[PDB]
Number of protein chains: 2
Amino acid sequence: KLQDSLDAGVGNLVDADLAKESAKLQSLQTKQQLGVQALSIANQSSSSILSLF
Amino acid sequence: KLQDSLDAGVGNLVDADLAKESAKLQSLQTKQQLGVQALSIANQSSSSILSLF
């Protein structure tokens, strides 16, 4: 019983809960796709100079 | 981040505003054509004396 309680305490000490991570993964994947879109929009800005000439 | 800030500072230090140059260039082209035509009209001062003789 002592070894059981000790392993349970180590598991509380270290193990992460995954139900939070199913949310965190979705949020960061969506934010990454928005970041690539924002980076494309930022890269495109230089094209306007050519219209002036 | 610090190298990005230093590069942005150099860019503010030396970059030209091309939208200003788009106006300044056409203004100088028109002024140059006016200067050439003015020099052409000034060249003909010798023409008037032929009528006197």
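No hydrogens, no waters, no symmetry mates; every other heavy atom, side chains included, goes into these values. A note on names: the letters A, B, ... follow the listed sequences, proteins ahead of strands, and every chain is numbered from 1.
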What distance do B/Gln37 atom CD and B/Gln32 atom CD have between them, rounded to the nearest 0.5 Å? 13.0 Å
Hey, could you give me the CG/OG1 distance between B/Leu34 and B/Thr30, rounded to the nearest 0.5 Å? 7.5 Å
Which distance, rounded to the nearest 0.5 Å, do you find between the CG of A/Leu6 and the NZ of A/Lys1? 15.0 Å
Interatomic spacing from CG in A/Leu13 to CG in A/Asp7 - rounded to 0.5 Å: 12.0 Å
Atom OG of A/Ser46 and atom CG of B/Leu18: how far apart are they, to the nearest 0.5 Å? 8.5 Å
Closest heavy-atom pair and its distance - A/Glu21, A/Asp17: CG-O, 3.2 Å
Heavy-atom closest contact (B/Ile49 atom, B/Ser45 atom, distance): CD1-O, 3.4 Å
Using 0.5 Å steps for rounding, measure from the CD atom of B/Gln33 to the CG atom of B/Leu28. 11.5 Å
Just checking B/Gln3: does its CD atom have more than 12 heavy atoms from other residues, nucleotides or ligands closer to it than 6.0 angstrom? no
Does any non-hydrogen side-chain atom of A/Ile41 lie less than 4.5 Å from one of A/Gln44? no
Counting N and O atoms only, with roles assigned by atom type, does the side chain of B/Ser40 sit under 3.5 Å from a partner on the main chain of B/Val36, one being a donor and the other an acceptor? no
Heavy-atom pair with the smallest gap, counting every atom of A/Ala19 and A/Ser22: O-OG, 2.8 Å
